[PDB]
Structure formats: C-alpha cells, structure tokens
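Peer 1: Pasting a structure here, questions to come.
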Amino acid sequence: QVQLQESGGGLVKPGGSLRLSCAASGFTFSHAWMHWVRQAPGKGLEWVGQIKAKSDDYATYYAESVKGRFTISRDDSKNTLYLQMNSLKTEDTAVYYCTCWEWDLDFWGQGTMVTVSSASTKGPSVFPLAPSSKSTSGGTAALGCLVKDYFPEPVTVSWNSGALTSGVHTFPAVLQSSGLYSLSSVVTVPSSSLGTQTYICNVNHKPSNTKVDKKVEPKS
Amino acid sequence: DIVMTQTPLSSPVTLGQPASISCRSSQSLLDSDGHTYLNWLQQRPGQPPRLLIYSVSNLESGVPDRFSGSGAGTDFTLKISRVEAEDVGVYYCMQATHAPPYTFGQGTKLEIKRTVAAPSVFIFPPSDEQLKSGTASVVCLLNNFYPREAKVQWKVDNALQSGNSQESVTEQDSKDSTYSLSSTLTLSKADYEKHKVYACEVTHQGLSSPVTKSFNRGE
Amino acid sequence: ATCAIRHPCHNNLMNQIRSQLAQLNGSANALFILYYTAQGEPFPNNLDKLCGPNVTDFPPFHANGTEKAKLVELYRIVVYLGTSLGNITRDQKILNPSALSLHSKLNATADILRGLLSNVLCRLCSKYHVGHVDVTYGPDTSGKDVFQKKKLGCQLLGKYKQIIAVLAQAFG
Ligand SMILES: *[C@@H]1O[C@H](CO)[C@@H](O[C@@H]2O[C@H](CO)[C@@H](O[C@@H]3O[C@H](CO)[C@@H](O)[C@H](O)[C@@H]3O)[C@H](O)[C@H]2NC(C)=O)[C@H](O)[C@H]1NC(C)=O
Ligand SMILES: *[C@@H]1O[C@H](CO)[C@@H](O)[C@H](O)[C@H]1NC(C)=O
Ligand SMILES: *[C@@H]1O[C@H](CO)[C@@H](O)[C@H](O)[C@H]1NC(C)=O
Ligand SMILES: *[C@@H]1O[C@H](CO)[C@@H](O)[C@H](O)[C@H]1NC(C)=O
C-alpha cells in the first residue's frame, strides 16, 4: 500500500554537501504536500521544510535553522522527494524523516541517518558469541554475534535475513576509548534446536558499505 | 513563535492504572475556520512517529479506544484509561494553525511498572578468531528483568575487576515491558592468557542471592 | 454532523478547484480528438450520434444552488469519471497500443481528477462537516462487444467535454 522510503544518508564531512531522496508509492503524488523532519540523537522532533504541488508552483518553506543551506526538490514523474543540504554542520547530525501531512492521511517514513563529523569511516568486525561447553541452562540457550570497532553508529543487525525476531536483543552501542562504537546482538533459542537450526546474523554498515553475514555455531 | 510545553513523567505508571499527559501552548490554537489543529504522536522505540489523536479529540484508525483526547485553546490533555505494554514510548504534540513553521513538544517518555522478574544470566568466551586480532572480549548477558536496577561484577580467578568493563541496557520491551543488560569485559590476548577462571556475579532484587555464571579458558 | 481532518487543507481551495477545472476544460477537447482519431472508422465521421454527450446514468449538476450542493454533486461526477477513465484506459491498451499519446493523455486526466478529489472532499469536510458521501459508479466494460467498448468510451469523453465546461463556468 502506502510506502515512504528515504535514501542518501551516511557520513559527510562538516561544511560538505548531501542529497537525500525519498521515493513514495500508494497515493496521488502530484497533489500531496511533503515535509522533511529530523530527530537528533537523544533529542526531539524538528520540522525542516515542506514543498507543494504545481498549483502552488512548488512553493517551499524552511525552518530558520536550515534556511539558505537546505534545498527541497520533487520529481512528480518519479514520485521522488529530495533534500539537497549544502554547508552541513555538526548540529545537523540527525535521523531525517520523510513524511506526508494531509487531511487524507498522515504517514512517516523509516528515516535515514546523516552523521556530520571529521573522523574517517571504519567498517565493523563481527565475532560469534559462541556459548561454552557448559550449557548451564535447560532448553533455553543464548547465542549471538558482537560488532566491534566501527564509526559512524547507524549499524543494522538482522537474524536469518528477518526470519528470526522473537527473543532478539540488539543492545544500544557503547562508545569505546578509541572513539569507536561497540555493539552486540544476542538471541535466545531452544537448546534442542542448536544442532538442527542454523543461526546467522547479518551486519550491514551503510557508511563503510560493509555487508557481512556471520554464522554462529558452538565451538569444538 | 509558538512553543509547546508538556508536563513530564512523574512515575512509571503501574499496569492497568490511568495516565494523563498535557500540552500547554504559548498562544491559542483555535484558527479562523473554527478548527483546533492539535495532534498527538507516539514513537515506540526504534519506530518512526505515528499519529494517535488528531484535531484535539479524534482518534486515528487502528488505535485502541483507551486513548482519549480533550482540551481547548491553549490547554490540552492526553488520556489513557488503562496502560498496557504497548504504550511505552514518547508522546509529542504538534500544531498546524500558525504554520509554517510547525512545532512539536519536547516529549513525555512513558514507563511501566510490573511484577519483579529475575534475570536469566549467560556468559560467552572470546572468539578464537578474535584472539588472532589481539583482543579478548568476554560477554555476560542479563535477559528480561525488572526493575532496571541490576548489579554486574566480574571476577577473574576470583579477583574483582574494574576499569575494563562496559555495559549498556535495553529500553523497556513492548510485550513484557522488561529490560535486558549487556556487560563486556575486554582484555588483550596476553592478559587474557594469564588467567583461567572468568566469572559474572549478578545481583538483582528478584534473586534471593547473587547468581554466578563462569567458564574456564580452554574448556 | 461529524467530520475531522488531521492537518488543515490547502490554502485557497476554491482558487485551486477552479484552476483545476479550468485546466481540465482546456485539455478536454484535445483528449476528445486524440480518442476518436485512435479508434478509426466509423468514429471521426459519424462523430455526432456515436460520440455525443448522451450518457444515461451520468450524475447531474445544477448551476444553481449553494456551494455545498454544487460540491457534493461535483464529488459524484469526479468519482464517476475516475472509474470510467480507469476502465477506458484498460480497454484502449488492448485495442489500440499504437497510440501511446492517448495513453499518456489519459493518465494525465486521471491524476488531475484525483488531486481535485481531495480539494472537493475536504472542503465539504472542513466547512460543511460532510464527512462521507454515498456515490455511484459507472458500468463495467470488462467483457463487452468491442464496438460498444469503443462507443461507450466515445460518448463518455463527449459528455465529459460538455460537462467540464459547465463546471468551469460556475464556482469561482
Ligand atoms: C471499472 O468500473 C467499475 C464500476 O464502474 C469499477 O468497480 C468499482 O470499483 C470501486 C472502487 O473500489 C468499488 O467501490 C467500493 O465499493 C465497496 C462496496 O461495494 C466499498 O466497500 C468500498 O469501500 C469502495 O467504495 C465499486 O464497488 C466497484 N463497482 C463495481 C460494480 O464493481 C472498477 O474498479 C473499474 N475498473 C478500474 C480498473 O478502475
Ligand atoms: C443526444 O443529445 C443531443 C443534444 O444534447 C440530441 O440532439 C441528440 O438527439 C441526443 N441523442 C439521442 C440518441 O437521443
Ligand atoms: C498512471 O497513473 C497511475 C495512477 O495509479 C500510476 O500508478 C501509473 O504508474 C501511471 N502510468 C504511467 C506512469 O505510465
Ligand atoms: C473550455 O475550452 C474551450 C476551448 O476548447 C473554450 O472555448 C471554453 O471557453 C472553455 N471553457 C471555459 C469555462 O473557459
């Protein structure tokens, strides 16, 4: 049905440039008013700007926090919404949301992460959390994989490409001494299913473009 | 310039008990056409914001009737008559009258109280493919507990450690409204090779005594 | 008696609606020419009794009456025009694939109506608190004689050519 999916996030140096794209499907695009809203890490919601249709001559409006530096575009032939941000600052580090505000419907996208910093990108290292020979529990067992030494933070972890969700914990990332983030994702599964089932964690680091699928197994 | 002020959370609402949130604006939201353009949003953890109540008191399709909307002019209130484990999240309020620009509130995070649940404790040795990189990471896992207050201590060959441990906690779950903890003792390969017994002592209100999960290097 | 909108509607609705109607009125004749030219004989000659404005169950519209009355009738027309053009575009793609200009000018007309649908249905809701309207739809042309499928689509664009001038004349 109705879907909004943004794309264009990643790591960009301060004072740089970036162009996000939001592709829609499900409603009449040539008539809908589209807005961009961002949410900084550990912060609230801030409206960024809106755009209109051809009747209003694609009139744009911007919040004073971004006026003169952000540019909103739309391609009605492709149902695609854009946000060209130049002269980026470290305050702009936020999750940028695509949203459609209308009396018909209210719909928000999934958001994409834009991180503004001068540090270089580093891809993460995935290690399998293999339980020891002492499976002290009965029936219930725990296994997982740990992500290590990556920057920026937006790192995704999905188990069995999505076929495993019940009992999954993807902890919040910690900041290490070297400025790198560390993250571990664990899942609780029946011990009887250990030899039968095969569990795989899928780590995806968009800024470094590091797609890694590691298969967790008991050792020896 | 319009500002939206919300009364913050006073205590974690016990399951089934009512809850009240209120937004208070700087200027009247009553427009010229007669409508009051005040919304209420809810953001479950990890999810994007979704609309709960629009134009003061009108609910969104697919939202339980436990939620209520009220208010007039500059004062508004969000009412939940019973709290279930799906309401944990942050609530905002948005105006659309004097727009642009559109403004939100800071957000009222909602927490839930429940029965005391003891945590399930596990422990993982470092990966043999990680020792080739130089570092050894031991992980202790606490699964589904309440309250959030849990104490984790590391003992290497019966020696209380400090300084080389990092921990993070999960937000309240959307089904059982419990938390989960993750500790990580991190050593270099040479220092990890200089000991044997690695333990993890968890102390929680729901545990009659501290529970220990330990392993031996090489077993 | 009950209507509510999440966010407000577009500014200057009656200007947008009238700009929408006047835009449809201009492209009305071009779509009429594009249609019967793609159908071939015997339509571009007997254009009077095969492609006229005689459409039986087409909803009415009275130039007199209040703004609420003129807008609820317009709502039923635009709903009727939406199901027909969606059917006619399906009918034409099987019959006439050669004329890709008639397809792109049928998709254009279809999308302008749906943008006009929100303007009309909201204005009822925000000002008169209509909430919802019961409408009627056209006949399905899924399985019919090819000539009737061509002829029904002809008379529709003829009636639409004449009714859109009436709507663009009124309002304001
Ligand atoms: C070709 O035309 C026919 C009729 O002229 C179209 O069928 C109609 O499609 C609409 C849209 O879904 C149907 O409306 C609905 O009515 C039901 C009650 O029956 C209601 O519950 C829904 O919420 C909605 O309002 C309508 O019933 C249906 N009528 C018939 C006779 O089938 C058809 O969609 C057109 N084809 C194309 C490709 O546009
Ligand atoms: C269609 O309408 C026109 C005038 O609106 C009329 O002259 C013509 O006779 C009608 N066609 C039929 C078949 O009645
Ligand atoms: C015609 O309009 C419909 C509206 O639903 C759209 O889905 C379709 O892609 C359009 N055809 C094109 C662009 O060729
Ligand atoms: C509609 O367009 C025709 C030209 O095809 C024009 O003569 C007529 O005046 C237009 N109608 C209105 C109401 O402007």
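Naming works like this for the structure tokens: A, B, ... for the chains as they're shown, residue 1 at the start of each chain, ligands 1 onward in shown order.
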Please identify all residues of chain C having at least one atom at most 10 Å from any atom of chain B, considering only C-alpha atoms, and return them as a PyMOL selection string.

Peer 2: chain C and resi 3-8+126-127

Peer 1: Within 7 Å of chain B, which residues of chain A are there when counting only C-alpha atoms? Please give them as a PDB file with N, CA, C and O atoms, in the first residue's frame.

Peer 2:
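The resulting file, selection.pdb, is shown below:
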ATOM      1  N   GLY A  44      14.456  15.604  20.343  1.00  0.00           N
ATOM      2  CA  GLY A  44      13.068  15.587  19.934  1.00  0.00           C
ATOM      3  C   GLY A  44      12.905  15.644  18.431  1.00  0.00           C
ATOM      4  O   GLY A  44      13.760  15.177  17.669  1.00  0.00           O
ATOM      5  N   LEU A  45      11.794  16.229  17.993  1.00  0.00           N
ATOM      6  CA  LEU A  45      11.467  16.350  16.580  1.00  0.00           C
ATOM      7  C   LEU A  45      11.544  17.808  16.149  1.00  0.00           C
ATOM      8  O   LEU A  45      11.052  18.699  16.849  1.00  0.00           O
ATOM      9  N   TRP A  47      10.851  20.171  12.661  1.00  0.00           N
ATOM     10  CA  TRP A  47      10.426  20.336  11.277  1.00  0.00           C
ATOM     11  C   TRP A  47      11.495  21.086  10.491  1.00  0.00           C
ATOM     12  O   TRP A  47      12.091  22.044  10.987  1.00  0.00           O
ATOM     13  N   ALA A  63      12.459  25.971   7.952  1.00  0.00           N
ATOM     14  CA  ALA A  63      12.727  26.463   9.293  1.00  0.00           C
ATOM     15  C   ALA A  63      14.013  27.280   9.293  1.00  0.00           C
ATOM     16  O   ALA A  63      14.945  27.011   8.531  1.00  0.00           O
ATOM     17  N   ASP A 106      -1.857  10.654   7.247  1.00  0.00           N
ATOM     18  CA  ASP A 106      -0.608  11.056   7.881  1.00  0.00           C
ATOM     19  C   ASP A 106       0.318   9.849   7.870  1.00  0.00           C
ATOM     20  O   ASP A 106      -0.022   8.804   8.433  1.00  0.00           O
ATOM     21  N   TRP A 108       4.610   8.600   7.997  1.00  0.00           N
ATOM     22  CA  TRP A 108       6.022   8.880   8.205  1.00  0.00           C
ATOM     23  C   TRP A 108       6.859   7.730   7.660  1.00  0.00           C
ATOM     24  O   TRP A 108       6.481   6.561   7.787  1.00  0.00           O
ATOM     25  N   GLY A 109       7.997   8.063   7.057  1.00  0.00           N
ATOM     26  CA  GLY A 109       8.918   7.065   6.559  1.00  0.00           C
ATOM     27  C   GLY A 109       9.724   6.428   7.677  1.00  0.00           C
ATOM     28  O   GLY A 109       9.493   6.651   8.866  1.00  0.00           O
ATOM     29  N   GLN A 110      10.700   5.615   7.273  1.00  0.00           N
ATOM     30  CA  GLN A 110      11.552   4.919   8.229  1.00  0.00           C
ATOM     31  C   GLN A 110      12.768   5.732   8.652  1.00  0.00           C
ATOM     32  O   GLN A 110      13.352   5.445   9.704  1.00  0.00           O
ATOM     33  N   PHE A 127      32.183 -10.889  15.438  1.00  0.00           N
ATOM     34  CA  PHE A 127      32.663 -12.098  16.082  1.00  0.00           C
ATOM     35  C   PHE A 127      31.497 -12.882  16.674  1.00  0.00           C
ATOM     36  O   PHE A 127      30.578 -12.287  17.246  1.00  0.00           O
ATOM     37  N   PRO A 128      31.504 -14.211  16.554  1.00  0.00           N
ATOM     38  CA  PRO A 128      30.366 -15.007  17.032  1.00  0.00           C
ATOM     39  C   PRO A 128      30.452 -15.256  18.532  1.00  0.00           C
ATOM     40  O   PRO A 128      31.464 -15.748  19.038  1.00  0.00           O
ATOM     41  N   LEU A 129      29.378 -14.919  19.242  1.00  0.00           N
ATOM     42  CA  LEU A 129      29.266 -15.221  20.667  1.00  0.00           C
ATOM     43  C   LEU A 129      28.875 -16.684  20.816  1.00  0.00           C
ATOM     44  O   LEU A 129      27.698 -17.024  20.942  1.00  0.00           O
ATOM     45  N   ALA A 130      29.873 -17.564  20.804  1.00  0.00           N
ATOM     46  CA  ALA A 130      29.624 -18.995  20.922  1.00  0.00           C
ATOM     47  C   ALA A 130      29.572 -19.389  22.391  1.00  0.00           C
ATOM     48  O   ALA A 130      30.533 -19.121  23.125  1.00  0.00           O
ATOM     49  N   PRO A 131      28.492 -20.008  22.862  1.00  0.00           N
ATOM     50  CA  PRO A 131      28.446 -20.440  24.262  1.00  0.00           C
ATOM     51  C   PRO A 131      29.463 -21.537  24.535  1.00  0.00           C
ATOM     52  O   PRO A 131      29.817 -22.324  23.654  1.00  0.00           O
ATOM     53  N   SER A 132      29.933 -21.578  25.779  1.00  0.00           N
ATOM     54  CA  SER A 132      30.961 -22.532  26.167  1.00  0.00           C
ATOM     55  C   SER A 132      30.375 -23.941  26.263  1.00  0.00           C
ATOM     56  O   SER A 132      29.188 -24.176  26.020  1.00  0.00           O
ATOM     57  N   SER A 133      31.235 -24.896  26.628  1.00  0.00           N
ATOM     58  CA  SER A 133      30.809 -26.285  26.748  1.00  0.00           C
ATOM     59  C   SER A 133      29.834 -26.496  27.898  1.00  0.00           C
ATOM     60  O   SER A 133      29.132 -27.512  27.922  1.00  0.00           O
ATOM     61  N   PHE A 171      21.374  -4.502  21.466  1.00  0.00           N
ATOM     62  CA  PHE A 171      21.652  -3.531  22.512  1.00  0.00           C
ATOM     63  C   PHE A 171      22.051  -2.180  21.922  1.00  0.00           C
ATOM     64  O   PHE A 171      22.470  -2.091  20.766  1.00  0.00           O
ATOM     65  N   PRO A 172      21.902  -1.105  22.694  1.00  0.00           N
ATOM     66  CA  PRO A 172      22.463   0.182  22.269  1.00  0.00           C
ATOM     67  C   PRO A 172      23.983   0.136  22.272  1.00  0.00           C
ATOM     68  O   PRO A 172      24.604  -0.513  23.118  1.00  0.00           O
ATOM     69  N   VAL A 174      27.887   1.176  22.637  1.00  0.00           N
ATOM     70  CA  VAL A 174      28.712   1.891  23.592  1.00  0.00           C
ATOM     71  C   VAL A 174      29.798   2.637  22.830  1.00  0.00           C
ATOM     72  O   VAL A 174      30.146   2.299  21.695  1.00  0.00           O
TER      73      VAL A 174
END

Peer 1: Taking 2 positions as the minimum chain separation for residues in the same chain, which residues sit within 9 Å of residue 115 of chain B when counting only C-alpha atoms? Answer as JSON, numbers by chain.

Peer 2: {"B": [113, 117, 146, 147]}

Peer 1: What residues in chain C have any atom no more than 9 Å from chain A when counting only C-alpha atoms, and can you write them as an NGL selection string?

Peer 2: :C and (4-10 or 16 or 19-20 or 111-112 or 114-116 or 118 or 122)

Peer 1: Only N, CA, C and O atoms, please: the residues just picked out, written as a compact mmCIF listing (two decimals), in the first residue's frame.

Peer 2:
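File out.txt, as written:
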# COMPACT_ATOMS: atom_id res chain seq x y z
N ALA C 4 -13.72 15.37 10.81
CA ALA C 4 -12.45 15.83 11.37
C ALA C 4 -11.34 15.58 10.37
O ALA C 4 -11.35 14.59 9.63
N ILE C 5 -10.37 16.49 10.35
CA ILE C 5 -9.20 16.40 9.48
C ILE C 5 -7.96 16.40 10.36
O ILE C 5 -7.90 17.11 11.37
N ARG C 6 -6.98 15.58 9.99
CA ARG C 6 -5.73 15.51 10.74
C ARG C 6 -5.03 16.85 10.68
O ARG C 6 -4.84 17.52 11.70
N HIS C 7 -4.64 17.25 9.48
CA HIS C 7 -4.00 18.52 9.22
C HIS C 7 -4.89 19.38 8.34
O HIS C 7 -5.78 18.86 7.66
N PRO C 8 -4.70 20.70 8.33
CA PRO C 8 -5.57 21.56 7.52
C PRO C 8 -5.44 21.25 6.04
O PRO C 8 -4.53 20.55 5.58
N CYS C 9 -6.38 21.79 5.27
CA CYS C 9 -6.38 21.60 3.83
C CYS C 9 -5.56 22.69 3.15
O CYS C 9 -5.02 23.59 3.79
N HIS C 10 -5.48 22.60 1.83
CA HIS C 10 -4.68 23.54 1.07
C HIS C 10 -5.31 24.93 1.10
O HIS C 10 -6.53 25.08 1.12
N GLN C 16 -7.82 26.83 -6.19
CA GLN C 16 -7.24 25.59 -6.68
C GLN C 16 -8.27 24.76 -7.44
O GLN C 16 -7.98 24.22 -8.51
N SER C 19 -8.93 26.52 -10.68
CA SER C 19 -7.76 26.30 -11.52
C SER C 19 -7.67 24.86 -11.99
O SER C 19 -7.14 24.59 -13.08
N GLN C 20 -8.18 23.92 -11.19
CA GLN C 20 -8.20 22.52 -11.61
C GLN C 20 -9.24 22.31 -12.70
O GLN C 20 -8.97 21.65 -13.71
N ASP C 111 -5.04 11.72 -13.19
CA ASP C 111 -4.37 12.20 -11.98
C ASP C 111 -4.84 13.58 -11.56
O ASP C 111 -4.82 13.91 -10.37
N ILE C 112 -5.27 14.41 -12.52
CA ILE C 112 -5.78 15.73 -12.17
C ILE C 112 -7.11 15.61 -11.44
O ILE C 112 -7.42 16.42 -10.56
N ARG C 114 -8.00 13.09 -9.39
CA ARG C 114 -7.75 12.62 -8.04
C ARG C 114 -7.17 13.72 -7.15
O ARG C 114 -7.44 13.74 -5.95
N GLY C 115 -6.38 14.62 -7.73
CA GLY C 115 -5.99 15.81 -7.00
C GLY C 115 -7.16 16.75 -6.75
O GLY C 115 -7.22 17.41 -5.71
N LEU C 116 -8.09 16.82 -7.70
CA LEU C 116 -9.32 17.57 -7.50
C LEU C 116 -10.25 16.88 -6.50
O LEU C 116 -11.11 17.53 -5.91
N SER C 118 -9.42 15.43 -3.55
CA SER C 118 -9.11 15.86 -2.19
C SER C 118 -9.59 17.28 -1.94
O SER C 118 -10.08 17.60 -0.84
N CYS C 122 -12.41 17.50 0.96
CA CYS C 122 -12.03 18.21 2.18
C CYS C 122 -12.92 19.42 2.41
O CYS C 122 -13.44 19.62 3.52

Peer 1: Which residues are close to residue 212 of chain B, i.e. within 8 Å by only C-alpha atoms, leaving aside same-chain residues fewer than 4 positions away? Reply as a list in words.

Peer 2: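 Non-adjacent residues within range: residues 121, 199, 200, 201 and 202 of chain B.
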
Peer 1: Ligand 2: which residues are within 9 Å, counting only C-alpha atoms and all ligand atoms? Reply as a ChimeraX atom specification.

Peer 2: /C:48-50,52-55

Peer 1: Selected residues, C-alpha atoms, written as a short mmCIF file (atom, residue, chain, number, x, y, z; two decimals), in the first residue's frame, please.

Peer 2:
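Generated file (result-v8.cif):
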data_model
loop_
_atom_site.label_atom_id
_atom_site.label_comp_id
_atom_site.auth_asym_id
_atom_site.auth_seq_id
_atom_site.Cartn_x
_atom_site.Cartn_y
_atom_site.Cartn_z
CA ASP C 48 -22.41 13.12 -33.67
CA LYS C 49 -24.54 10.03 -32.96
CA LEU C 50 -21.64 7.80 -31.86
CA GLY C 52 -22.18 12.66 -28.43
CA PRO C 53 -22.92 13.83 -24.89
CA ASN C 54 -25.69 11.25 -24.40
CA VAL C 55 -24.67 9.32 -21.27
#
